[PDB]
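structure26.pdb, holding PDB, C-alpha atoms:
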```pdb
ATOM      1  CA  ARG A 102    -176.077 171.078 111.199  1.00  0.00           C
ATOM      2  CA  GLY A 103    -173.276 172.115 108.802  1.00  0.00           C
ATOM      3  CA  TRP A 104    -170.775 171.519 106.002  1.00  0.00           C
ATOM      4  CA  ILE A 105    -167.052 171.600 105.096  1.00  0.00           C
ATOM      5  CA  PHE A 106    -165.834 172.677 101.597  1.00  0.00           C
ATOM      6  CA  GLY A 107    -162.275 172.738 100.097  1.00  0.00           C
ATOM      7  CA  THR A 108    -159.613 170.840  98.040  1.00  0.00           C
ATOM      8  CA  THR A 109    -157.005 169.293 100.463  1.00  0.00           C
ATOM      9  CA  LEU A 110    -159.527 170.104 103.299  1.00  0.00           C
ATOM     10  CA  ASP A 111    -156.606 170.119 105.809  1.00  0.00           C
ATOM     11  CA  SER A 112    -153.673 172.548 106.276  1.00  0.00           C
ATOM     12  CA  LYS A 113    -151.979 172.962 102.810  1.00  0.00           C
ATOM     13  CA  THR A 114    -154.934 174.951 101.317  1.00  0.00           C
ATOM     14  CA  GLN A 115    -157.871 177.020 102.657  1.00  0.00           C
ATOM     15  CA  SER A 116    -161.270 175.399 103.423  1.00  0.00           C
ATOM     16  CA  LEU A 117    -164.730 176.608 104.527  1.00  0.00           C
ATOM     17  CA  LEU A 118    -166.610 175.697 107.654  1.00  0.00           C
ATOM     18  CA  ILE A 119    -170.391 176.381 107.992  1.00  0.00           C
ATOM     19  CA  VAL A 120    -172.125 175.396 111.310  1.00  0.00           C
ATOM     20  CA  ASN A 121    -175.554 175.974 112.950  1.00  0.00           C
ATOM     21  CA  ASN A 122    -175.503 176.119 116.823  1.00  0.00           C
ATOM     22  CA  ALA A 123    -179.349 176.324 117.347  1.00  0.00           C
ATOM     23  CA  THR A 124    -179.274 180.145 117.940  1.00  0.00           C
ATOM     24  CA  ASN A 125    -176.913 181.280 115.112  1.00  0.00           C
ATOM     25  CA  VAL A 126    -175.030 180.257 111.930  1.00  0.00           C
ATOM     26  CA  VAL A 127    -171.199 180.576 111.949  1.00  0.00           C
ATOM     27  CA  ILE A 128    -169.175 180.688 108.683  1.00  0.00           C
ATOM     28  CA  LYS A 129    -165.330 180.729 108.437  1.00  0.00           C
ATOM     29  CA  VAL A 130    -162.410 180.262 105.952  1.00  0.00           C
ATOM     30  CA  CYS A 131    -159.069 178.877 107.280  1.00  0.00           C
ATOM     31  CA  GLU A 132    -156.104 176.556 106.696  1.00  0.00           C
ATOM     32  CA  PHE A 133    -158.131 174.265 109.071  1.00  0.00           C
ATOM     33  CA  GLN A 134    -157.177 170.887 110.482  1.00  0.00           C
ATOM     34  CA  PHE A 135    -160.328 168.706 110.348  1.00  0.00           C
ATOM     35  CA  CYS A 136    -161.220 165.901 112.783  1.00  0.00           C
ATOM     36  CA  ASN A 137    -160.556 162.279 111.661  1.00  0.00           C
ATOM     37  CA  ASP A 138    -164.380 161.798 112.004  1.00  0.00           C
ATOM     38  CA  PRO A 139    -166.087 165.258 112.350  1.00  0.00           C
ATOM     39  CA  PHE A 140    -168.993 165.734 114.831  1.00  0.00           C
ATOM     40  CA  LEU A 141    -170.449 168.626 116.946  1.00  0.00           C
ATOM     41  CA  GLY A 142    -169.524 167.621 120.538  1.00  0.00           C
ATOM     42  CA  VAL A 143    -170.678 170.058 123.316  1.00  0.00           C
ATOM     43  CA  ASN A 165    -155.948 180.646 109.127  1.00  0.00           C
ATOM     44  CA  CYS A 166    -158.629 183.249 110.160  1.00  0.00           C
ATOM     45  CA  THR A 167    -158.803 184.473 106.485  1.00  0.00           C
ATOM     46  CA  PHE A 168    -162.593 185.255 106.523  1.00  0.00           C
ATOM     47  CA  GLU A 169    -165.497 185.043 109.050  1.00  0.00           C
ATOM     48  CA  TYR A 170    -169.290 185.687 108.921  1.00  0.00           C
ATOM     49  CA  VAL A 171    -172.104 185.129 111.512  1.00  0.00           C
ATOM     50  CA  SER A 172    -175.948 185.323 111.264  1.00  0.00           C
ATOM     51  CA  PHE A 186    -188.561 162.753 109.584  1.00  0.00           C
ATOM     52  CA  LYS A 187    -191.754 164.684 108.504  1.00  0.00           C
ATOM     53  CA  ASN A 188    -190.004 167.954 107.408  1.00  0.00           C
ATOM     54  CA  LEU A 189    -188.171 168.119 104.056  1.00  0.00           C
ATOM     55  CA  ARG A 190    -185.314 170.659 104.166  1.00  0.00           C
ATOM     56  CA  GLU A 191    -183.875 171.412 100.693  1.00  0.00           C
ATOM     57  CA  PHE A 192    -180.680 173.397  99.900  1.00  0.00           C
ATOM     58  CA  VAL A 193    -178.541 174.362  96.874  1.00  0.00           C
ATOM     59  CA  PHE A 194    -174.865 175.460  96.942  1.00  0.00           C
ATOM     60  CA  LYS A 195    -172.693 176.857  94.078  1.00  0.00           C
ATOM     61  CA  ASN A 196    -169.357 178.722  93.669  1.00  0.00           C
ATOM     62  CA  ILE A 197    -168.538 181.183  90.801  1.00  0.00           C
ATOM     63  CA  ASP A 198    -165.649 183.699  90.260  1.00  0.00           C
ATOM     64  CA  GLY A 199    -164.543 183.581  93.953  1.00  0.00           C
ATOM     65  CA  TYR A 200    -168.143 184.112  95.266  1.00  0.00           C
ATOM     66  CA  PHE A 201    -170.241 181.345  96.957  1.00  0.00           C
ATOM     67  CA  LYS A 202    -174.099 181.188  96.916  1.00  0.00           C
ATOM     68  CA  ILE A 203    -176.745 179.384  99.035  1.00  0.00           C
ATOM     69  CA  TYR A 204    -180.513 178.741  98.426  1.00  0.00           C
ATOM     70  CA  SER A 205    -183.113 176.792 100.486  1.00  0.00           C
ATOM     71  CA  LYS A 206    -186.747 175.768 101.184  1.00  0.00           C
ATOM     72  CA  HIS A 207    -188.573 173.876 104.005  1.00  0.00           C
ATOM     73  CA  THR A 208    -191.861 171.894 103.502  1.00  0.00           C
ATOM     74  CA  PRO A 209    -193.946 169.209 105.350  1.00  0.00           C
ATOM     75  CA  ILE A 210    -194.187 165.590 104.030  1.00  0.00           C
ATOM     76  CA  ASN A 211    -197.011 162.972 103.946  1.00  0.00           C
ATOM     77  CA  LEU A 212    -194.851 159.803 103.371  1.00  0.00           C
ATOM     78  CA  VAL A 213    -191.132 160.050 104.427  1.00  0.00           C
ATOM     79  CA  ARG A 214    -189.958 157.020 102.292  1.00  0.00           C
ATOM     80  CA  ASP A 215    -188.710 159.131  99.310  1.00  0.00           C
ATOM     81  CA  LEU A 216    -188.684 162.706  97.859  1.00  0.00           C
ATOM     82  CA  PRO A 217    -192.306 164.052  97.547  1.00  0.00           C
ATOM     83  CA  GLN A 218    -193.405 164.013  93.883  1.00  0.00           C
ATOM     84  CA  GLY A 219    -194.288 167.664  93.071  1.00  0.00           C
ATOM     85  CA  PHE A 220    -192.853 171.189  92.623  1.00  0.00           C
ATOM     86  CA  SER A 221    -191.798 174.043  95.001  1.00  0.00           C
ATOM     87  CA  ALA A 222    -188.982 176.533  94.188  1.00  0.00           C
ATOM     88  CA  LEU A 223    -185.973 177.246  96.496  1.00  0.00           C
ATOM     89  CA  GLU A 224    -185.214 180.862  97.567  1.00  0.00           C
ATOM     90  CA  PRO A 225    -181.793 182.616  98.034  1.00  0.00           C
ATOM     91  CA  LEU A 226    -180.215 183.034 101.520  1.00  0.00           C
ATOM     92  CA  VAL A 227    -176.583 184.222 101.295  1.00  0.00           C
ATOM     93  CA  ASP A 228    -173.670 185.248  99.019  1.00  0.00           C
ATOM     94  CA  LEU A 229    -169.995 185.270 100.278  1.00  0.00           C
ATOM     95  CA  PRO A 230    -166.670 186.553  98.718  1.00  0.00           C
ATOM     96  CA  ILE A 231    -164.779 183.348  99.791  1.00  0.00           C
ATOM     97  CA  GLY A 232    -162.007 183.660  97.089  1.00  0.00           C
ATOM     98  CA  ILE A 233    -161.412 179.828  96.767  1.00  0.00           C
ATOM     99  CA  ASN A 234    -162.117 177.091  94.169  1.00  0.00           C
ATOM    100  CA  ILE A 235    -163.521 174.029  96.152  1.00  0.00           C
ATOM    101  CA  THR A 236    -163.548 170.344  94.918  1.00  0.00           C
ATOM    102  CA  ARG A 237    -164.640 168.247  97.982  1.00  0.00           C
ATOM    103  CA  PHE A 238    -167.391 168.708 100.590  1.00  0.00           C
ATOM    104  CA  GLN A 239    -168.713 166.874 103.701  1.00  0.00           C
ATOM    105  CA  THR A 240    -171.883 166.989 105.911  1.00  0.00           C
ATOM    106  CA  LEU A 241    -171.729 167.529 109.725  1.00  0.00           C
ATOM    107  CA  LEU A 242    -174.030 165.708 112.193  1.00  0.00           C
TER     108      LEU A 242
ATOM    109  CA  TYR B 449    -137.992 192.297 100.759  1.00  0.00           C
ATOM    110  CA  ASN B 450    -141.230 191.876 102.829  1.00  0.00           C
ATOM    111  CA  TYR B 451    -143.393 192.295  99.656  1.00  0.00           C
ATOM    112  CA  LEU B 452    -143.596 188.986  97.663  1.00  0.00           C
ATOM    113  CA  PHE B 453    -144.995 187.674  94.332  1.00  0.00           C
ATOM    114  CA  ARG B 454    -145.667 184.057  93.157  1.00  0.00           C
ATOM    115  CA  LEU B 455    -143.521 182.873  90.194  1.00  0.00           C
ATOM    116  CA  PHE B 456    -144.604 179.178  90.021  1.00  0.00           C
ATOM    117  CA  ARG B 457    -147.949 177.280  89.942  1.00  0.00           C
ATOM    118  CA  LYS B 458    -149.583 174.137  88.425  1.00  0.00           C
ATOM    119  CA  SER B 459    -152.214 176.177  86.449  1.00  0.00           C
ATOM    120  CA  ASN B 460    -153.488 179.802  86.019  1.00  0.00           C
ATOM    121  CA  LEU B 461    -155.817 181.499  88.581  1.00  0.00           C
ATOM    122  CA  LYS B 462    -159.585 181.846  87.991  1.00  0.00           C
ATOM    123  CA  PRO B 463    -161.010 185.416  88.458  1.00  0.00           C
ATOM    124  CA  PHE B 464    -160.602 186.577  92.105  1.00  0.00           C
ATOM    125  CA  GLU B 465    -158.953 183.237  93.172  1.00  0.00           C
ATOM    126  CA  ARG B 466    -156.839 183.823  96.368  1.00  0.00           C
ATOM    127  CA  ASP B 467    -154.099 181.141  96.576  1.00  0.00           C
ATOM    128  CA  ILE B 468    -152.230 181.512  99.935  1.00  0.00           C
ATOM    129  CA  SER B 469    -150.308 178.155  99.706  1.00  0.00           C
ATOM    130  CA  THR B 470    -146.439 178.208 100.096  1.00  0.00           C
ATOM    131  CA  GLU B 471    -145.550 174.475  99.665  1.00  0.00           C
ATOM    132  CA  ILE B 472    -142.404 173.598  97.567  1.00  0.00           C
ATOM    133  CA  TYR B 473    -143.302 173.446  93.837  1.00  0.00           C
ATOM    134  CA  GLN B 474    -142.543 170.257  91.868  1.00  0.00           C
ATOM    135  CA  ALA B 475    -141.264 171.827  88.604  1.00  0.00           C
ATOM    136  CA  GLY B 476    -140.477 168.446  86.903  1.00  0.00           C
ATOM    137  CA  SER B 477    -139.595 164.731  87.340  1.00  0.00           C
ATOM    138  CA  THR B 478    -138.141 165.008  90.923  1.00  0.00           C
ATOM    139  CA  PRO B 479    -140.448 164.051  93.880  1.00  0.00           C
ATOM    140  CA  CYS B 480    -139.758 166.903  96.340  1.00  0.00           C
ATOM    141  CA  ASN B 481    -140.687 165.496  99.844  1.00  0.00           C
ATOM    142  CA  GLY B 482    -141.203 169.106 101.179  1.00  0.00           C
ATOM    143  CA  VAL B 483    -137.589 170.331 100.429  1.00  0.00           C
ATOM    144  CA  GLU B 484    -135.710 172.222  97.645  1.00  0.00           C
ATOM    145  CA  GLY B 485    -133.704 170.408  94.899  1.00  0.00           C
ATOM    146  CA  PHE B 486    -133.335 169.922  91.111  1.00  0.00           C
ATOM    147  CA  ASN B 487    -136.840 170.751  89.720  1.00  0.00           C
ATOM    148  CA  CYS B 488    -138.073 171.305  93.353  1.00  0.00           C
ATOM    149  CA  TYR B 489    -138.391 175.073  93.952  1.00  0.00           C
ATOM    150  CA  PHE B 490    -139.726 177.648  96.451  1.00  0.00           C
ATOM    151  CA  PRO B 491    -142.682 179.272  94.554  1.00  0.00           C
ATOM    152  CA  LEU B 492    -142.343 182.959  95.706  1.00  0.00           C
ATOM    153  CA  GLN B 493    -139.979 185.863  94.763  1.00  0.00           C
ATOM    154  CA  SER B 494    -139.414 189.460  96.071  1.00  0.00           C
ATOM    155  CA  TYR B 495    -138.913 192.939  94.538  1.00  0.00           C
ATOM    156  CA  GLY B 496    -136.305 194.213  97.085  1.00  0.00           C
ATOM    157  CA  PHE B 497    -137.548 197.829  96.635  1.00  0.00           C
TER     158      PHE B 497
END
```

Encoded form using structure tokens:
Amino acid sequence: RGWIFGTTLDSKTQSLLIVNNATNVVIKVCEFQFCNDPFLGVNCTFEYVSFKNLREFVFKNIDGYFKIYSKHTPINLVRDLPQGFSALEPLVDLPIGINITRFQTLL
Amino acid sequence: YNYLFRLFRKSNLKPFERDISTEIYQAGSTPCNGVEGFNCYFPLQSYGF
């Protein structure tokens, strides 16, 4: 459902948060404090809001901007990546202003 | 003195990099432990217009 991106991740430097809440996507950049083990149980420097399936994504960061691409497709056998070709399409570009070095996935 | 500029860093900014961080800079051999000292310096300065 989401990702964290940054360098220290916590406090001393800015980090991203990206999360999907099943109606919307929330994106934010802060001097966050992360959880010790992040999960979706149910400072302010930027904000934006908007097994048989393979979901594919690409992320990159250049000159203070950050870019996202994706594609979704069905699968026959879920054991491994399906051997073929299908190109990913752009979603989003953001003026985040930060370098990044670490990332993490959110359940 | 409310307007500030950074004097010290580890390495130069990339284009449109936005470094907010105000931790004490280790300028040399001294481990700084989050406080000022010999080669342990506050990284910002002011114009005093």

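The coordinates place CA of residue 482 in chain B at 23.5 Å from CA of residue 234 in chain A.
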
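Within 10 Å of chain B, and counting all atoms listed in the file, chain A contributes residues 112, 113, 114, 115, 132, 165, 167, 197, 198, 199, 200, 230, 231, 232, 233 and 234 of chain A.
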
Once the PyMOL selection byres ((chain B and resi 487-496) around 9) has been evaluated on this model, what residues remain selected, and can you format them as a PyMOL selection string? chain B and resi 449-457+470-480+482-486+497

Starting from the displayed file, determine the output of the PyMOL selection byres ((chain A and resi 138) around 12) and express the residue list as a VMD selection string. chain A and resid 134 to 137 139 to 142 239 to 242

Go through the shown structure with the PyMOL selection byres ((chain A and resi 191) around 7) and write out the matching residues as a list in words.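 Applying the PyMOL selection byres ((chain A and resi 191) around 7) to the structure shown produces residues 189, 190, 192, 205, 206 and 207 of chain A.
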
With only C-alpha atoms counted, which protein, DNA or RNA residues have an atom no more than 10 Å from (-163.2, 172.0, 99.4) in the file frame? Please answer as a ChimeraX atom specification. /A:105-111,114-118,233-239

Identify, on the basis of all atoms listed in the file, every residue whose closest approach to range 119-126 of chain A does not exceed 6 Å; exclude the query and any residue fewer than 3 positions from it along the same chain; express the result as an MDAnalysis selection string. chainID A and resid 102:104 171:172

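Here CA of residue 168 in chain A stands at a distance of 8.3 Å from CA of residue 128 in chain A.
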
How far is it from CA of residue 208 in chain A to CA of residue 221 in chain A, in Å with one decimal? 8.8 Å

Please, what is the axis-aligned box for every listed atom of range 228-237 of chain A with 4 Å on each side, as centre and edge lengths in Å to one decimal, as JSON?
```
{"center_x": -167.5, "center_y": 177.4, "center_z": 97.2, "size_x": 20.3, "size_y": 26.3, "size_z": 14.1}
```

How would range 456-489 of chain B look with N, CA and C atoms restored, written as a PDB file, keeping the file's coordinate frame?
```pdb
ATOM      1  N   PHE B 456    -144.268 180.537  90.456  1.00  0.00           N
ATOM      2  CA  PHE B 456    -144.604 179.178  90.021  1.00  0.00           C
ATOM      3  C   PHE B 456    -145.974 178.707  90.516  1.00  0.00           C
ATOM      4  N   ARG B 457    -146.666 177.942  89.663  1.00  0.00           N
ATOM      5  CA  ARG B 457    -147.949 177.280  89.942  1.00  0.00           C
ATOM      6  C   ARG B 457    -148.167 176.095  88.993  1.00  0.00           C
ATOM      7  N   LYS B 458    -149.123 175.221  89.313  1.00  0.00           N
ATOM      8  CA  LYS B 458    -149.583 174.137  88.425  1.00  0.00           C
ATOM      9  C   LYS B 458    -150.365 174.692  87.222  1.00  0.00           C
ATOM     10  N   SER B 459    -151.331 175.581  87.469  1.00  0.00           N
ATOM     11  CA  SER B 459    -152.214 176.177  86.449  1.00  0.00           C
ATOM     12  C   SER B 459    -152.707 177.583  86.842  1.00  0.00           C
ATOM     13  N   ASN B 460    -153.112 178.389  85.856  1.00  0.00           N
ATOM     14  CA  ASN B 460    -153.488 179.802  86.019  1.00  0.00           C
ATOM     15  C   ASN B 460    -154.685 179.996  86.974  1.00  0.00           C
ATOM     16  N   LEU B 461    -154.704 181.109  87.710  1.00  0.00           N
ATOM     17  CA  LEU B 461    -155.817 181.499  88.581  1.00  0.00           C
ATOM     18  C   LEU B 461    -157.123 181.729  87.800  1.00  0.00           C
ATOM     19  N   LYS B 462    -158.258 181.339  88.381  1.00  0.00           N
ATOM     20  CA  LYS B 462    -159.585 181.846  87.991  1.00  0.00           C
ATOM     21  C   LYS B 462    -159.814 183.265  88.546  1.00  0.00           C
ATOM     22  N   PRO B 463    -160.765 184.048  88.002  1.00  0.00           N
ATOM     23  CA  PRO B 463    -161.010 185.416  88.458  1.00  0.00           C
ATOM     24  C   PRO B 463    -161.277 185.500  89.965  1.00  0.00           C
ATOM     25  N   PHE B 464    -160.577 186.414  90.643  1.00  0.00           N
ATOM     26  CA  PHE B 464    -160.602 186.577  92.105  1.00  0.00           C
ATOM     27  C   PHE B 464    -160.289 185.303  92.932  1.00  0.00           C
ATOM     28  N   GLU B 465    -159.528 184.346  92.391  1.00  0.00           N
ATOM     29  CA  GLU B 465    -158.953 183.237  93.172  1.00  0.00           C
ATOM     30  C   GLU B 465    -157.769 183.710  94.044  1.00  0.00           C
ATOM     31  N   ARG B 466    -157.741 183.307  95.322  1.00  0.00           N
ATOM     32  CA  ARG B 466    -156.839 183.823  96.368  1.00  0.00           C
ATOM     33  C   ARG B 466    -155.946 182.720  96.949  1.00  0.00           C
ATOM     34  N   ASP B 467    -154.955 182.271  96.184  1.00  0.00           N
ATOM     35  CA  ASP B 467    -154.099 181.141  96.576  1.00  0.00           C
ATOM     36  C   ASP B 467    -152.985 181.529  97.570  1.00  0.00           C
ATOM     37  N   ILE B 468    -153.184 181.219  98.853  1.00  0.00           N
ATOM     38  CA  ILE B 468    -152.230 181.512  99.935  1.00  0.00           C
ATOM     39  C   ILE B 468    -151.068 180.493 100.005  1.00  0.00           C
ATOM     40  N   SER B 469    -151.185 179.303  99.406  1.00  0.00           N
ATOM     41  CA  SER B 469    -150.308 178.155  99.706  1.00  0.00           C
ATOM     42  C   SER B 469    -148.824 178.375  99.352  1.00  0.00           C
ATOM     43  N   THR B 470    -147.900 177.996 100.246  1.00  0.00           N
ATOM     44  CA  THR B 470    -146.439 178.208 100.096  1.00  0.00           C
ATOM     45  C   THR B 470    -145.621 176.906 100.147  1.00  0.00           C
ATOM     46  N   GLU B 471    -146.233 175.769  99.812  1.00  0.00           N
ATOM     47  CA  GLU B 471    -145.550 174.475  99.665  1.00  0.00           C
ATOM     48  C   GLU B 471    -144.506 174.503  98.522  1.00  0.00           C
ATOM     49  N   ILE B 472    -143.420 173.721  98.630  1.00  0.00           N
ATOM     50  CA  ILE B 472    -142.404 173.598  97.567  1.00  0.00           C
ATOM     51  C   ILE B 472    -143.038 173.071  96.267  1.00  0.00           C
ATOM     52  N   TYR B 473    -142.796 173.775  95.163  1.00  0.00           N
ATOM     53  CA  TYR B 473    -143.302 173.446  93.837  1.00  0.00           C
ATOM     54  C   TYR B 473    -142.472 172.343  93.168  1.00  0.00           C
ATOM     55  N   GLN B 474    -143.130 171.253  92.762  1.00  0.00           N
ATOM     56  CA  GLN B 474    -142.543 170.257  91.868  1.00  0.00           C
ATOM     57  C   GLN B 474    -142.580 170.780  90.424  1.00  0.00           C
ATOM     58  N   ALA B 475    -141.432 171.252  89.939  1.00  0.00           N
ATOM     59  CA  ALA B 475    -141.264 171.827  88.604  1.00  0.00           C
ATOM     60  C   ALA B 475    -140.995 170.787  87.495  1.00  0.00           C
ATOM     61  N   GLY B 476    -140.838 169.507  87.847  1.00  0.00           N
ATOM     62  CA  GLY B 476    -140.477 168.446  86.903  1.00  0.00           C
ATOM     63  C   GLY B 476    -140.496 167.046  87.518  1.00  0.00           C
ATOM     64  N   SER B 477    -139.626 166.169  87.020  1.00  0.00           N
ATOM     65  CA  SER B 477    -139.595 164.731  87.340  1.00  0.00           C
ATOM     66  C   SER B 477    -139.288 164.387  88.808  1.00  0.00           C
ATOM     67  N   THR B 478    -138.591 165.257  89.542  1.00  0.00           N
ATOM     68  CA  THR B 478    -138.141 165.008  90.923  1.00  0.00           C
ATOM     69  C   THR B 478    -139.302 165.041  91.934  1.00  0.00           C
ATOM     70  N   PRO B 479    -139.564 163.975  92.717  1.00  0.00           N
ATOM     71  CA  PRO B 479    -140.448 164.051  93.880  1.00  0.00           C
ATOM     72  C   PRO B 479    -139.765 164.835  95.017  1.00  0.00           C
ATOM     73  N   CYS B 480    -140.431 165.862  95.548  1.00  0.00           N
ATOM     74  CA  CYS B 480    -139.758 166.903  96.340  1.00  0.00           C
ATOM     75  C   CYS B 480    -139.754 166.696  97.862  1.00  0.00           C
ATOM     76  N   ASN B 481    -140.635 165.851  98.411  1.00  0.00           N
ATOM     77  CA  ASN B 481    -140.687 165.496  99.844  1.00  0.00           C
ATOM     78  C   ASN B 481    -140.756 166.691 100.833  1.00  0.00           C
ATOM     79  N   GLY B 482    -141.172 167.878 100.376  1.00  0.00           N
ATOM     80  CA  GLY B 482    -141.203 169.106 101.179  1.00  0.00           C
ATOM     81  C   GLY B 482    -139.858 169.838 101.327  1.00  0.00           C
ATOM     82  N   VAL B 483    -138.901 169.652 100.409  1.00  0.00           N
ATOM     83  CA  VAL B 483    -137.589 170.331 100.429  1.00  0.00           C
ATOM     84  C   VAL B 483    -137.102 170.712  99.020  1.00  0.00           C
ATOM     85  N   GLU B 484    -136.285 171.763  98.918  1.00  0.00           N
ATOM     86  CA  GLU B 484    -135.710 172.222  97.645  1.00  0.00           C
ATOM     87  C   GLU B 484    -134.741 171.207  97.007  1.00  0.00           C
ATOM     88  N   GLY B 485    -134.607 171.257  95.682  1.00  0.00           N
ATOM     89  CA  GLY B 485    -133.704 170.408  94.899  1.00  0.00           C
ATOM     90  C   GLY B 485    -133.826 170.665  93.395  1.00  0.00           C
ATOM     91  N   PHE B 486    -133.179 169.842  92.568  1.00  0.00           N
ATOM     92  CA  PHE B 486    -133.335 169.922  91.111  1.00  0.00           C
ATOM     93  C   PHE B 486    -134.808 169.723  90.716  1.00  0.00           C
ATOM     94  N   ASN B 487    -135.401 170.692  90.014  1.00  0.00           N
ATOM     95  CA  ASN B 487    -136.840 170.751  89.720  1.00  0.00           C
ATOM     96  C   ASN B 487    -137.768 170.692  90.958  1.00  0.00           C
ATOM     97  N   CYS B 488    -137.296 171.154  92.120  1.00  0.00           N
ATOM     98  CA  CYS B 488    -138.073 171.305  93.353  1.00  0.00           C
ATOM     99  C   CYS B 488    -137.791 172.682  93.968  1.00  0.00           C
ATOM    100  N   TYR B 489    -138.688 173.648  93.761  1.00  0.00           N
ATOM    101  CA  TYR B 489    -138.391 175.073  93.952  1.00  0.00           C
ATOM    102  C   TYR B 489    -139.367 175.773  94.905  1.00  0.00           C
TER     103      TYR B 489
END
```
